[PDB]
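An overview of the molecular structure
Chain by chain, the residues run as shown.
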Amino acid sequence: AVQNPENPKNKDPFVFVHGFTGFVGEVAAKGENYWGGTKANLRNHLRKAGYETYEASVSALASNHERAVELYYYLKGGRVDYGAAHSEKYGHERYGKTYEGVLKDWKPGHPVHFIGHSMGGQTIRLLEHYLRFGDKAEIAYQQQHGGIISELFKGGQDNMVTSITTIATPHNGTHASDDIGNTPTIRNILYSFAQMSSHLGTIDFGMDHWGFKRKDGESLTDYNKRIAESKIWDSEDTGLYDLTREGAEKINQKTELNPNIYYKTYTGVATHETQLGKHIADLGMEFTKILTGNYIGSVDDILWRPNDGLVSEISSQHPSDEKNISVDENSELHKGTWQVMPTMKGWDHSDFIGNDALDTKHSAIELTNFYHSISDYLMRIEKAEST
Ligand SMILES: [Ca+2]
Ligand SMILES: [Zn+2]
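Below you will find a few notes about this structure. Bear in mind the residue numbers are our own, running from 1 along each chain as written, so they may not match the entry, and residues with no coordinates are left out. Just so you know, chain letters begin at A and ligand numbers begin at 1, following the order they were written in. Computation of side-chain values: all heavy atoms of the structure, hydrogens and water removed.

Overview of the nonpolar core
Put simply, the rule is: As used here, the term nonpolar core means buried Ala, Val, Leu, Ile, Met, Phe, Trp, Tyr and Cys residues forming a set that is joined through side-chain atoms within 4.5 Å. Think of it in three bands: with a 1.4 Å probe and only protein chains considered, a residue is buried below 20% of the maximum accessible area for its type, exposed above 50%, and partly exposed in between. By the criteria applied, helices consist of DSSP H or I runs no shorter than four residues and strands consist of E runs no shorter than two, each listed in order from the N terminus. Contacts: residue pairs with any heavy atoms within 4.5 Å of one another.
One finds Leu71, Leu75, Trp106, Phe114, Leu127, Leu131 and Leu152 to be the most contacted residues of the largest nonpolar core, which totals 34 residues. The element that contributes the greatest number of residues to this core is helix α2 (residues 64-76), accounting for seven residues. Discounting chain neighbours no more than four positions away, the residues touching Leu127 are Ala68, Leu71, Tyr72, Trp106, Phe114 and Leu152. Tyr34, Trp35, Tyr51 and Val327 belong to the second-largest nonpolar core, a separate cluster that totals 28 residues.

Quick look at the structure:
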């Protein structure tokens, strides 16, 4: 229930960015709570503690490009514009929903702390890229064809993000997608259920820009014809591809460190070495992640075996080919470098957000103390920057 504070302890709002298959606010169901699960309401807790926070609402299955744009408009407000060139290339709708805007004042000089979990960490990085450099393809497209271009793709918009803090983010992708998720058979099943769900207006998987909604005065025949011919089934413009090792690396090659931003990663492991060097899921591993945790533990790439049930340790620690440094909670602050936090033994992909109801070992006060620590770290940054 609780509103943001009149007089907040932080001058830069904490913006939380959920991950793949994540739903927050009024696209969520009955009583599902992404940030906290059944164990805690982290929005209520942080705001009662005096902080100004927001939980961004972006597509569950869409690409990081889609989601990074949606994040911009979630904060700044307006009609989502995915880009004329990008949308033409991948063969989908250019315009999405329209958000009201929770921080219309968001501009250079009045920045934000971006905390992301899982795929949200990729989405944040991709947004900061478009803010700073824009997108050269979009500028070239509107130079060539005219029309309007989004402020976001124009670029030259710095000093809008203070810190980027990722939690169990597959910066380097995950075998879970390579070998399972983005397989033609699984992704067919998923996108088919999402289209059926969109058509029935039952659940918004954030993929309506692919034509899942049925147009006006359209026979069912035409509708089934458009969907069958949609470029979605083969497209690289999906979240599942961006969670692939190859697709994550495509993003890694786009992004570069901003010397004025504070970066930090939080990584979990919930597997243990066994016979032959294989890894198997700890007792307490979240139910739905047991299978993927076990698969990742047995892959050929030996260093990728330790994992949180979805993301390998070395994937979460930092993006490859980007400067990093080992620190802990008492280390001094560093700008422009990925501050790699010690691996948290016993924490799985879901535990980080309290979404493991069966795991009694992870209490509500432990989860609350973890986000306290993060926010204290963000207040250290604000203190260090003012002076
Ligand atoms: Ca667990
Ligand atoms: Zn797209």
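Looking at the layout of surface pockets
Stated formally: Lining residues are those with an atom within 4 Å of a point, where the points come from a 1 Å grid over the protein atoms alone and group into cavities, where a 1.4 Å probe fits but cannot get out, or pockets, open sets with protein on both sides within 12 Å along at least five of seven lines. Grid points are joined across faces, edges and corners, and a volume is the space filled by probe spheres set on the points. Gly is placed with the polar residues, together with every amino acid not listed as nonpolar (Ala, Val, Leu, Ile, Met, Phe, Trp, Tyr, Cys and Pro) or charged (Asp, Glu, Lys and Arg).
Quantified by volume, the largest pocket comes out at close to 840 Å³. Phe20, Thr21, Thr288, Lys289 and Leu310 are the residues nearest the centre of the largest pocket, which is lined by 31 residues in total. Contributing elements (two or more residues each) for the lining of the largest pocket: α7 (175-181), α8 (184-199) and α12 (290-296). Sorting elements by how many residues they give to the lining of the largest pocket places α7 first, with four residues. Classifying every residue of the lining of the largest pocket by side-chain character gives 14 nonpolar, 14 polar and three charged. Each pocket or cavity is described by its volume, and for the second largest pocket that value is around 570 Å³. What lines the second largest pocket is a set of 29 residues, and nearest its centre among them are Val27, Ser57, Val58, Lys97 and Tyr99. At the level of elements, α1 (42-48), β2 (53-56), α2 and β4 (95-99) are the ones that each hand at least two residues to the lining of the second largest pocket. Across the lining of the second largest pocket, the residue classes break down as 13 nonpolar, eight polar and eight charged.

Describing the side chain of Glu70
Our working definition: Two N or O atoms count as a polar contact when they lie within 3.5 Å, although within protein this holds only if one can serve as hydrogen donor and the other as acceptor, and sequence-adjacent residues are included solely when both atoms are side-chain atoms.
Structurally, the position occupied by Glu70 is in helix α2. A polar side-chain atom of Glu70 sits 2.8 Å from the main-chain amide nitrogen of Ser59. Each residue touching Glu70, except ones within four places of it in the same chain, is listed here: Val58, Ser59, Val80, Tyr82 and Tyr99.

Some thoughts on the coordination of the calcium ion (ligand 1)
Condition: Coordination here is defined by N, O and S atoms within 2.8 Å of the metal (3.2 Å for Na, K and Ca), and since water is not considered, a site can look incomplete.
At 2.4 to 2.7 Å from the calcium ion (ligand 1) lie its protein donor atoms, namely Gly284 (O), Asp348 (OD), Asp351 (OD), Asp351 (OD), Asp356 (OD) and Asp359 (OD). Donor residues binding the calcium ion (ligand 1) come from one chain and are separated in sequence as G-x63-D-x2-D-x4-D-x2-D. Remark: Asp359 occurs in the loop between β13 (344-345) and α14 (364-386) and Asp348 occurs in the loop between β13 and α14; sequence separation between them is 11 residues. Accessibility classification places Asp348 together with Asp359 in one group, the buried group.

Describing the packing of α2 against helix α4 (residues 120-133)
Applied cut-off: Only the contacting stretch of a helix is used when fitting its axis, a line to C-alpha atoms as for every element, and angles between N-to-C directions run 0 to 180 degrees. The cut-offs work like this: below 35 degrees is roughly parallel, past 145 is roughly antiparallel, 65 to 115 is roughly perpendicular, and the gaps in between are oblique. A clockwise turn of the near helix away from the far one marks a right-handed crossing, whereas an anticlockwise turn of less than a right angle marks a left-handed crossing.
Interaxial distance between α2 and α4 falls to 8 Å at its minimum, and their mutual angle equals 70 degrees. The pairing of α2 with α4 is recorded here as roughly perpendicular in orientation. As for how α2 packs across α4, the hand of that crossing is right-handed. Listed contacts from α4 to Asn64, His65, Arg67, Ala68, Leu71 and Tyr72 of α2 are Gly120, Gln122, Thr123, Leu126, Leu127, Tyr130 and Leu131. Broken down by class, the residue content of the contact of α2 with α4 amounts to seven nonpolar, five polar and one charged.

Section: the sheet that holds strand β11 (residues 324-326)
Here is the rule: A pair of strands is labelled paired if DSSP reports no fewer than 2 bridges between them.
Taking strand neighbours across the sheet as the criterion, the seven strands line up as β2-β1-β5-β6-β7-β12-β11 in an open arrangement whose pairing is parallel. Two strands lie at the open edges of the sheet, namely β2 and β11, each paired on one side alone. Pairs of neighbouring strands in the sheet enclose a mean axial angle of 20 degrees, with direction left out of account. By the bridge criterion, three bridges tie β11 to strand β12 (residues 338-340) in an arrangement that is parallel. Within the sheet, the bridge partner assigned to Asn324 lies in β12 and is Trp338.

None of the figures reported here should be taken as evidence of function without further support.
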